[PDB]
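Here's a solo chain for you in structure tokens, the form solved without this ligand.
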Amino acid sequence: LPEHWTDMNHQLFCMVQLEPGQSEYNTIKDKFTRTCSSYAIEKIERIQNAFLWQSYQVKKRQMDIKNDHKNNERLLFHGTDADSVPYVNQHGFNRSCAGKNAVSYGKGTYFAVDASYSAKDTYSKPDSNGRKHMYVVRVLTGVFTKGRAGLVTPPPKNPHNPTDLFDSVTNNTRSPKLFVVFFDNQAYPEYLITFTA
């Protein structure tokens, strides 16, 4: 487990409230405010989930071996409803629970490049207290191609070798604004931003 995590005292899961003025808080606030300067952050929690971390780090090492010295990992955003937060914190992103996106590039879990996209009420639905929830997520985007609405897995790189897959798909390979992943443990929910108008 990473050495800068708080001691969890044999526990397997903890949310750690960050302090404004720490580089760790300030980098996430800045990444968010870059496209959502109209909203205000209530708090930023670091998600310490030992099992999700272990399974994700195994998938990352495998994709680092399989791919040719790629940057396989991106830090992306995911807006969701309050009712989903306890499940995501504990169990991560389940494609079987994902909504149809208004532009579908496949049946999987969607992640945004820009906080502004995730900040829409469609994704980060305001709870009964007007709190919106957005995860900051390590995603194994790996080698990607433009997706299509029919996909239940990423497409093959080569139609004559149908099992050798792209790692993820995007809306546009030149100017990616979203990624879709189709496997468990391809995404680590690292931070939860709680925010308001």
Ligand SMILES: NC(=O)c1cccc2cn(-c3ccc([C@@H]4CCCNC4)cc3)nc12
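Residues carry their position along the shown sequence, with the first being 1. By rigid core we mean the largest C-alpha set that fits within 1.5 Å across both forms. Only residues modelled in both forms are compared.
Only in words, not in the display: the form deposited with this ligand bound, which the text now covers.
Would you mind fitting this ligand into the shown chain by superposing the local C-alphas on its pose in the deposited bound form and telling me if the pocket reads open or blocked at 2.4 Å from backbone or C-beta atoms, 3 atoms or more being blocked? Blocked pocket: the modelled ligand, placed by site superposition, has 3 or more atoms clashing at the 2.4 Å cut-off.
Each of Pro155, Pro162 and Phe182 within 4.5 Å of this ligand in the deposited bound form, by any heavy atom, yes or no? No, the candidate spot makes no contact with this ligand.
Using heavy atoms and a 4.5 Å limit, would one call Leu75 a contact residue for this ligand in the deposited bound form? Residue-level check for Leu75: no, no contact with this ligand.
Is there a non-hydrogen atom of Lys100 within 4.5 angstroms of a non-hydrogen atom of this ligand in the deposited bound form? Within the cut-off, so yes.
State yes or no: in the deposited bound form, is some non-hydrogen atom of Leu178 no more than 4.5 angstroms from a non-hydrogen atom of this ligand? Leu178: contacts this ligand in the deposited bound form.
Given that this ligand is not shown alongside this chain, does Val88 nevertheless sit within 4.5 Å of it in the deposited bound form, heavy atom to heavy atom? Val88: no, not in contact with this ligand in the deposited bound form.
With both forms fit on the core, is the shift of the CA atom of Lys120 between this form and the one not shown 2 Å or larger? No, because once the rigid core is superposed, the C-alpha of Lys120 moves less than 2 Å between this form and the one not shown.
Kindly check if the Cα atom of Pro86 is displaced 2 angstroms or more between this form and the one not shown relative to the superposed rigid core. Comparing the forms between this form and the one not shown, which are aligned on their rigid core, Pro86 does not shift its C-alpha by 2 Å or more.
Large Cα move at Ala98 between this form and the one not shown, threshold 2 Å, rigid core: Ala98 C-alpha, core-superposed: shift of 2 Å or more.
Have a look at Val180 and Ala98: in the deposited bound form, are their Cα atoms closer together or farther apart than in this form, given the change is 3 Å or more? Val180 and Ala98 sit farther apart in the deposited bound form.
Kindly indicate if, in the deposited bound form, the C-alpha atoms of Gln186 and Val103 are closer or farther apart than in the structure shown, bearing in mind the change is 3 Å or more. Note: Cα gap between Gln186 and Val103 shrinks in the deposited bound form.
Structural rearrangement between this form and the one not shown, runs of 3 or more with C-alpha shift of 2 angstroms or more, core superposed: Residues 98-103 form the single run that moves by 2 Å or more between this form and the one not shown.
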